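# A closer look at the structure
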Amino acid sequence: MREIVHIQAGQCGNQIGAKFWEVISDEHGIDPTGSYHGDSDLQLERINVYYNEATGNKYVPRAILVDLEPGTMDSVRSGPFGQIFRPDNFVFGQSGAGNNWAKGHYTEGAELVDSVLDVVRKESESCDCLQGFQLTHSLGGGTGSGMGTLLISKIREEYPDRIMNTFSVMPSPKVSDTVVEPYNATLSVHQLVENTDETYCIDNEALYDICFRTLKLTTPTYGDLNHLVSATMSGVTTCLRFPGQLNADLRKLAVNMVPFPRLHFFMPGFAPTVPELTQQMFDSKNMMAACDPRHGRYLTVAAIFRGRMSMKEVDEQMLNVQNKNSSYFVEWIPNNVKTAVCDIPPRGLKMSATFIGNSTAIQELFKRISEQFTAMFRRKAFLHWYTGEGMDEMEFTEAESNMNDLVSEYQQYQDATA
Amino acid sequence: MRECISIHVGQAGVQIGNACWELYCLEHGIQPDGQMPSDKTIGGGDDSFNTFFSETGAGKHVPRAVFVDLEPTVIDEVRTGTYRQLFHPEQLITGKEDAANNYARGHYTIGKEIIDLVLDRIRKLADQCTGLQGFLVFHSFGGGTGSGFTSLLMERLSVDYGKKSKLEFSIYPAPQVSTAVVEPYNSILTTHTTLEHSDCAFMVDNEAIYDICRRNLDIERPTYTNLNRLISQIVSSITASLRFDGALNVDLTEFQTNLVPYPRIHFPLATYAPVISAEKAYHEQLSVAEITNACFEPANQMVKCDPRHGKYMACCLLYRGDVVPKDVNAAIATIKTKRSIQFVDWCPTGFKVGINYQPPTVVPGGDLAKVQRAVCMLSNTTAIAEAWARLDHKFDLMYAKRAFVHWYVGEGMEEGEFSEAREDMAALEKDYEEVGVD
Amino acid sequence: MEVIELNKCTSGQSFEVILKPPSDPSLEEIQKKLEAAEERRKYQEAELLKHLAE
Amino acid sequence: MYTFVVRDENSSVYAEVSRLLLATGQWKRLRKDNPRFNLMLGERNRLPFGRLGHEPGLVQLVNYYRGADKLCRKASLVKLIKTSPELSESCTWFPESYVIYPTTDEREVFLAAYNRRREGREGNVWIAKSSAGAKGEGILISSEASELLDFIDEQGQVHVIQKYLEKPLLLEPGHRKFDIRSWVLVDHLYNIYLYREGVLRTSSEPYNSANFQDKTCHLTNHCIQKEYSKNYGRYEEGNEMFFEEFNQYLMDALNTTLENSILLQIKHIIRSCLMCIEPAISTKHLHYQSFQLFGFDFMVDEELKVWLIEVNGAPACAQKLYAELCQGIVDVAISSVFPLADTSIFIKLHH
Ligand SMILES: COc1cc(OC)c(Cl)c(-n2c(-c3ccccc3)cc(=O)c(C)c2-c2ccc(F)cc2)c1
Ligand SMILES: Nc1nc2c(ncn2[C@@H]2O[C@H](COP(=O)(O)OP(=O)(O)OP(=O)(O)O)[C@@H](O)[C@H]2O)c(=O)[nH]1
Ligand SMILES: Nc1ncnc2c1ncn2[C@@H]1O[C@H](COP(=O)(O)OP(=O)(O)CP(=O)(O)O)[C@@H](O)[C@H]1O
Ligand SMILES: COc1cc2c(c(OC)c1OC)-c1ccc(OC)c(=O)cc1[C@@H](NC(C)=O)CC2
Ligand SMILES: Nc1nc2c(ncn2[C@@H]2O[C@H](COP(=O)(O)OP(=O)(O)O)[C@@H](O)[C@H]2O)c(=O)[nH]1
Ligand SMILES: [Ca+2]
Ligand SMILES: [Ca+2]
Ligand SMILES: [Ca+2]
Ligand SMILES: [Ca+2]
Ligand SMILES: [Mg+2]
Ligand SMILES: [Mg+2]
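Method of determination, as given in the entry header: X-ray crystallography; reported resolution: 2.56 Å.

The name given to chain C in the PDB entry is Stathmin-4, with Rattus norvegicus as the source organism.

According to its UniProt record, chain B has this under Cofactor: "Mg(2+)". Of the comments in the UniProt record for chain B, the one headed Sequence similarities reads "Belongs to the tubulin family."

With that settled, consider the pairing of strand β6 (residues 126-129) of chain D. Within a regular strand, side chains alternate between the sheet's two faces. Where β6(D) meets strand β7 (residues 140-142) of chain D, three bridges bridge the pair, whose relative direction is antiparallel. Across the sheet, residue D:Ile127 finds its bridge partner in β7(D), namely D:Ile141.

Across the boundary between the two partners, chain A contributes nine residues, which contact nine residues of chain D. Note on chain A versus chain D: buried area summed over both sides is about 770 Å², and carbon and sulfur give 45% of it. Per-residue buried area on chain A facing chain D is highest for A:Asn323, A:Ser326 and A:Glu331; these three make up 53% of the total on that side. Linking chain A to chain D there are zero salt bridges. Scanning the region where chain A abuts chain D turns up three residue pairs in polar contact.

What follows is about the site of ligand 3. Residues and elements named next belong to chain D. The full set close to ligand 3 counts 18 residues, and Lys-74, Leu-165, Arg-181, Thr-220 and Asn-312 are the nearest of them. Between ligand 3 and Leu-165 there is a distance of 2.8 Å, counted from a nitrogen atom to a backbone nitrogen or oxygen. Put simply, the parts of the chain that give the shell around ligand 3 at least two residues each are β8 (159-163), β9 (176-186), β14 (292-300) and β15 (306-312). A domain-level breakdown of the shell around ligand 3 finds at least three residues from each of domain 2 (64-95 + 167-351) and domain 3 (96-166).

Not every one of the 20 residues close to ligand 4 is listed here, only the nearest: A:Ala248, A:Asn336, A:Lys338, B:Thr179 and B:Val181. Taken together, the residues near ligand 4 originate from chains A and B. The separation between an oxygen atom of ligand 4 and a polar main-chain atom of B:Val181 is 3.2 Å. For ligand 4, whose free accessible area comes to 600 Å², the fraction covered by protein is 97%. Listing elements by their share of the shell around ligand 4, those giving two or more residues are α9 (238-241), α10 (250-257) and β10 (298-306) of chain A. Class assignment for the residues of the shell around ligand 4 results in 13 nonpolar, five polar and two charged.

Looking across the five pairs of chains in contact, one finds the most contacts between chains B and C. A gap remains between chain C and chain D, which never touch, and the nearest two C-alpha atoms on either side lie 12 Å apart.

The next subject is the domain arrangement of chain B. Residue and element names in this part refer to chain B. By the assigned domains, chain B splits into domain 1 (1-268), domain 2 (269-383) and domain 3 (384-438). Each of domain 1 and domain 2 has a C-alpha centre, and the two are 23 Å apart. Taken residue by residue, the interface counts 39 residues in domain 1 and 35 residues in domain 2. Taken together, the elements giving at least two residues each to the side of domain 1 that touches domain 2 come down to α1 (10-28), β8 (200-205), α7 (206-216), α8 (224-243) and α9 (252-259). Element by element, the count of residues in the side of domain 1 that touches domain 2 is highest for α8, at 10 residues. A class-by-class count of the residues in the side of domain 1 that touches domain 2 yields 23 nonpolar, eight polar and eight charged.

This part covers the side chain of A:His28. Residue and element names in this part refer to chain A. Relative to the elements of secondary structure, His-28 occurs in the loop between α1 (10-27) and β2 (51-54). In this structure the side chain of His-28 is engaged in a polar contact, spanning 2.6 Å, whose partner is the backbone oxygen of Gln-43. Discounting chain neighbours no more than four positions away, the residues touching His-28 are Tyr-36, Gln-43, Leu-44, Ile-47, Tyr-51, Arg-241 and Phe-242.

Conventions and cut-offs
- For each chain, positions are counted from 1 along the sequence as written; this may not be the entry's numbering. Residues without coordinates are not shown.
- Naming scheme: in the order in which they are written, chains are lettered from A and ligands are numbered from 1.
- The structure shown is incomplete relative to its larger assembly, and all values pertain to the part shown.
- Calculation of side-chain values draws on the structure's entire complement of heavy atoms; hydrogens and water are dropped beforehand.
- Residues with missing side-chain atoms are left out of burial classes, side-chain pairs and their counts.
- UniProt positions are given in the numbering used here, feature names are shortened, and annotations may be inferred rather than shown by experiment.
- The pairing criterion for strands is at least two bridges between them, as found by DSSP.
- Under the DSSP-based scheme used, a helix requires at least four consecutive residues in state H or I and a strand at least two consecutive residues in state E, with every element numbered from the N terminus.
- The contact definition used throughout considers only heavy atoms, calling two residues in contact when any of these lie within 4.5 Å.
- The term buried area refers to how much accessible surface (probe radius 1.4 Å) is lost by two components on association, counted for both of them together.
- Counted as salt bridges are all cases of a side-chain nitrogen of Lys or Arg within 4 Å of a carboxyl oxygen of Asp or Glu.
- Throughout this description, a polar contact denotes any pair of N or O atoms lying within 3.5 Å of each other; where both atoms belong to protein, one of them has to be capable of donating a hydrogen while the other can accept it, and for residues adjacent in sequence the pair is counted only when both atoms sit in side chains.
- For each residue, the test is whether any non-hydrogen atom lies within 4 Å of the molecule or strand; if one does, the residue is near.
- What counts as a domain boundary in this text is fixed by an automatic or database domain assignment.
- Method for areas: the Shrake-Rupley scheme with a 1.4 Å probe, in which residue coverage is limited to the protein chains shown.
- By the convention adopted, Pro, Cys, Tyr, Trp, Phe, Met, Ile, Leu, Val and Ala count as nonpolar, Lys, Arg, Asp and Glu as charged, and the other residues, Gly among them, as polar.

Here it is as structure tokens:
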């Protein structure tokens, strides 16, 4: 009875979240109508974490769909699992955000934010013991970034003692389709650094490379990329959704993954013999964030293996990776690599592994955005679009300072010794 | 007849608590429904097995136990387990959300909200006691509840039952068996706060239990069931003196007077032998001298350490089964010559022995083999301090960089308590060194 | 190396073997500590809501 | 591959085998505090023995035996020999010794011995030494018990008084003193390996029975010889005579051999000492394994009887022999536990 309230905002948030509900609905064996037609009772032991039990034994996700542009709502509602969701949980506007963070955070999103919190109060009050919230959104746009972080700030006011998770698609180093994304990303990161307990960094360029270089898709699409992200989201939340040797929640994950409150930005991975999975799983080629783990040290790591597989074999292989490449792990957090196993594998797979790393190498990402942010901000390029919504330049300078301070923090523990 | 109340705190204490009360019922012939045909005194009695069980007019023998956890997952299984009928629901207390591996959350935040209810339910059992002796507290060092709430309860028990004795059964964290990066923090904090309120504490290192299970029972990946069933055997042998007629360790107060000349050094090392796989075809019966010698092999201890490099201040031998005093005395004589056994000059080099003719019991379908003679040795050796140093070193590595400290401060604790408790452990480690090293 | 303090019963027997001879806070104090911790949490939460109010 | 750590940065012997292990290409060096090591080249003082054998999935080896200090300390050794039945207080290969505490003390015991030898006009030269003494200083020889105790009171650390060998075997040409150093390796299986190559450490000043003031002719520490010895290195390079030459000298000068006259007694002393402590330090059933290299110091009297004087748990090798001995440590004490990818120099002393 540790329920999670899911929220998805913006195109990216809704497209990624919609595919996420498709994935776990299959894992819990729930059809688009919301009725269970599975085989094992282990699919239901912890189903109330992500679903409400409705009259007629229909299952309804604790999902809240948000955007300032109604177009993406209609796509969700007409998608494979469109009619699963609660009609009243579609909270949308008509104006859109125009890739403008200020519109999403201060004007257009501020008009709609209360309506979203009202839907949150419904869901949260209908929870035996509310555990926390999870958000899926992009940082480069205006709604998921600007309004997304506004929703986070408001939720922390009502629920200051609850856990806030996010799955944030970050700007990629070379692939971009938004000219002002450095402004939007830097403004969002300064919000995420303060009002989130855990943030999974997702990079579309890395996801595209996997789809193209590895999976051999000659014409990858956002559907293919979303499938990879959804597969990772299911893998991360496997322990929250299924029983097993591990009985842990989101707060325990944060307590053990975050040695310092601001450094809570994780590097996700996914794979694909047991030895070969652990080899893949730690590979740069399998990392969902555009940062080389070899360019830093892991503060903490979490690995989840799924499917019938030799436990002792995994333990030996994991322990080998730690001891073999121990120079990439901080020496002052003893036993900072923990592993969990679940008997239920995903669809069309016999074995799978999900990776969650709190690596100091993630500062490379915040370096990039800072340098891109400064190049535009020095010349106040495109700024009038933000000051026109009522922002002041000082709010831009503060975000620049904070993300540089965050970058400064990461470098501190990347060279710390015992 | 003086009663003993058992309090199980957190996941480890509760799950171990069940394995213990599962075994107690088998050793006494108590059925899962609570009715034991062997009992002639219905609705009461002054029998020794009543020290752990109360009786009802209906014939049910109700354990004198309380299970407490800050989330209901573990205790729910108790309420719906094979032994569900055995306890009245009131003895099972559960919260809503756990301490999340945070000593502060279990001690300060949530401990304050549930302490009064727990003490009331304990006092309900005490009111059914005519000569209550003390408490046996089962808990883990690592869990947020096991470490945080337990230290709070032990403080209140020293207040509400000042004269009564308190014994600990503590699970020492081990990387092999599902630990958390912050368990060294929790283990140090709960030891510091509980040290002055615990008369005698039996540590059990999951590393040692894990290796014993994986080596002597041929279990590739031991589960919590494997470890708890083995842990229950050592606990049962330690508590048998309270549940059966005898003249040794019959009172909780006797436990430390026979094992603890120094108040703070109250962590006796437990060694158990023989551990035999039931899968073993027709395991040849071992001898008294053979199992007694195994009590000095480090591979059989509950805490992997080297008593040869410490000093003993007390030693007890607890035999179960067909054992005659002549064989025990013969075995001791022979192994004093072979083994390195150095007592402190201010104590006598002696062994307090006890024999219970009932052979050890084994759970049906369990991994332990039905043996005819078994022994558990309890020795207060300074070598157990090796465990504190290991834990203290891990504490130091993280605390030097204040990793995870913010989680504890956020719950109301001050960084001062981190350094205060570490200072206490530095003193405890040094106390051990003065006694056990020249 | 003598056996002393031997005691026997039908359940068992016990004895000793000498190989060689030799050569708390009150309740209110508890709650003040718990109250001091609660005040610290409340002050921390007040600063959060104050900053969120700004 | 394997991993190891170095925590005795001033160790001459283990500084070189740290380079040997890296040269193999199947080993790597982590820093002091990284706990994920297969081998530890631990510190000399207060090595954290309690933290070994607890890292999951890592067989761990250490280059020291927990408890060997009982044999490598001047005070402990005398107590260990007198209280162990294996060796006993009447031990014959160990000079008469007594532990003395300045300011469990045997002052009056040694006082009963000196007076006994005063009645019979027997030799009464004694030497006081201690582990505190360093760099060839802190050791005084006298035939007056009063002088010895007084010197021990100015010093602070525990001291021991040992019957001085007034009649040492003297090499010719030179009429000079010497001591013998044997290097012994004990692996994790507790096999006792005696290095084939020993060394005589020679005084370059003729042994002067008259005055013990000039301690250059009485103390044969290479350390002191370089300090205040004129004739340094006159006979053998650096006052280091080796077995091949000494064996030839024994043949030419005394119609005997090094094996029969001396080495047979050396092997017996090494076994007796190490077997005496095997039950206390053996790691055959421990969560971690141990090996250690010792350095036994011997004195030969004119009757070709071998005496033991000191034992070193952190000894230094001879410059000519570092290459061979250090390589042996890897083959016997390390590669045995950690095999690499696909003639002996030691003498195995049998159980
Ligand atoms: C993030 O900025 C983008 C820039 C860009 O071209 C410069 C493209 Cl094509 C895409 N993009 C689009 C798309 C977006 C906006 C307008 C039209 C098409 C749709 C689509 O399904 C996929 C997979 C991608 C994509 C993602 C990550 C890559 F590494 C490579 C391609 C995204
Ligand atoms: N031997 C044994 N140890 C256990 C068992 N369960 C948990 N542990 C140990 O306990 C530690 C985890 O803390 P728990 O006691 O489970 O947590 P808790 O007491 O419920 O407190 P919370 O943090 O609130 O959940 C780990 O170090 C485990 O090694 C068990 O069933 N048997
Ligand atoms: N009983 C004795 N009779 C004669 N000479 C002795 C003696 N005991 C010691 N010596 C001389 O004193 C010298 C050093 O003695 P000792 O062994 O106490 O010093 P030490 O421990 O610093 C040597 P190391 O540094 O190799 O351990 C030896 O070279 C030896 O010649
Ligand atoms: C969602 O449920 C999870 C919850 C947790 C963990 C985790 O990763 C395996 C989870 O799955 C993703 C977790 C990870 C961090 C730690 O390692 C650094 C740790 O010690 C702590 C672990 C978990 N503890 C154990 C023994 O597995 C508790 C926290
Ligand atoms: N993975 C994924 N990323 C997307 C998708 N749509 C947009 N993005 C990312 O988000 C950015 C555009 O922001 P957008 O989603 O329109 O944000 P919005 O304005 O809040 O709706 C691009 O740079 C993409 O990297 C999608 O369908 N899938
Ligand atoms: Ca408007
Ligand atoms: Ca409202
Ligand atoms: Ca009865
Ligand atoms: Ca008390
Ligand atoms: Mg728990
Ligand atoms: Mg010396």
